[PDB]
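Q: these chains are from a complex, not moved at all, and more is on the way:
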Amino acid sequence: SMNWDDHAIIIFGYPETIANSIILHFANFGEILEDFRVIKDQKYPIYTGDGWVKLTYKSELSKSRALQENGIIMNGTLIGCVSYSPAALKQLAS
């Protein structure tokens, strides 16, 4: 029961049609602790809403790499990637 929030990111800005593709893309940077069904091959429940998702990596090395993806284009749309903070999550619409 420790806190891995510093290993977490929020990905945002995408249409929900590419939500699964988003998870697969960011799974390429490390092992994700949430049990997302598309990658099914202490618990980390899923925080997600329309156009955003929180993901937690096992390694901080992975989080730092994922952050470099802020502003990539997937299916013609700009994808946002920021470091997780509770302050941001509290404000998000679902």
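A: Noted; the coordinates are in hand. Numbers count the residues shown, from 1 in each chain, chains lettered A, B, ... in the order given.
Q: what's the span of stretch A:43-55, first residue to last?
A: 13 Å (C-alpha to C-alpha, to the nearest Å).
Q: Next: stretch A:79-90.
A: Taking C-alpha to C-alpha, stretch A:79-90 runs 21 Å from one end to the other.
Q: Which positions in it come out as buried?
A: By 16 or more other C-beta atoms under 10 Å, the buried positions in stretch A:79-90 come out as A:79, A:80, A:81, A:83, A:84. Bear in mind the C-beta positions are built from the backbone N, C-alpha and C, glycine included.
Q: how far out from the middle of the chain is it?
A: How far stretch A:79-90 lies from its chain's middle: 9 Å, per C-alpha atoms, centre = their mean, to the nearest Å.
Q: Give the full set of residues in contact with the residue nearest to residue A:85 when sequence neighbours are not counted.
A: Using C-beta to C-beta, 6 or more residues apart in numbering and skipping the chain neighbours, the partner closest in space to residue A:85 is residue A:5 (7.8 Å). By C-beta atoms under 8 Å, 6 or more residues apart in numbering, the contact set of residue A:5 is A:56, A:84, A:85, A:86.
Q: how close does residue A:37 get to residue A:46?
A: Distance of residue A:37 to residue A:46, computed by C-beta to C-beta, to the nearest Å: 10 Å.
Q: add chain B to what we have:
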Amino acid sequence: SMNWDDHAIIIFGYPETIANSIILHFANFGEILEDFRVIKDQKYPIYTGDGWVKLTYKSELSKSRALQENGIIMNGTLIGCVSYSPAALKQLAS
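A: Placed with the earlier chains, chain B looks like this:
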């Protein structure tokens, strides 16, 4: 030695209905080259689309301040702000 694009940003991720509120927010960091209608007042080209806009600052210091807004929440939505690159524009669904 320089293009103005060295002072440009792309802002993205917002509902297109609040596009002009986004522009106002970022125009507050400094004078920009584009003549958007919401900003008070040949001409410089304008690049915008659904949920994104390019802004070019006169001052690199204004761009630097704008970049710090990456990841703020507006209207329950995360806002991305990245340095403009011509690579991204070509792949955007304009």
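Q: once more on the buried residues of stretch A:79-90, this time with chain B?
A: Using 16 or more other C-beta atoms under 10 Å in any protein chain shown as the test for burial, stretch A:79-90 gives A:79, A:80, A:81, A:82, A:83, A:84, A:88, A:89.
Q: Test of understanding: give the bridge partners of the fifth one.
A: Read it as residue A:83. residue A:9 (DSSP bridges).
Q: spatially speaking, which residue is in the middle of chain A?
A: residue A:55 (3.4 Å; C-alpha atoms, centre = their mean).
Q: Hmm, it is touching residue A:12, no?
A: No: applying C-beta atoms under 8 Å as the test, residue A:55 and residue A:12 come out as separate, 11.2 Å apart.
Q: List the contacts of the residue nearest to the centre of chain A.
A: A:8, A:9, A:10, A:11, A:23, A:26, A:32, A:34, A:66 (C-beta atoms under 8 Å, 6 or more residues apart in numbering or on different chains).
Q: Sort out which one of the residues you listed lies nearest chain B for me.
A: residue A:10 (6.6 Å; C-beta to the nearest C-beta).
Q: show me the contacts for the nearest residue to residue A:93 once chain neighbours are set aside.
A: Distance criterion C-beta to C-beta, 6 or more residues apart in numbering or on different chains; nearest residue to residue A:93, sequence neighbours excluded, is residue B:76 at 3.2 Å. By C-beta under 8 Å, 6+ apart, residue B:76 lies in contact with A:91, A:92, A:93.
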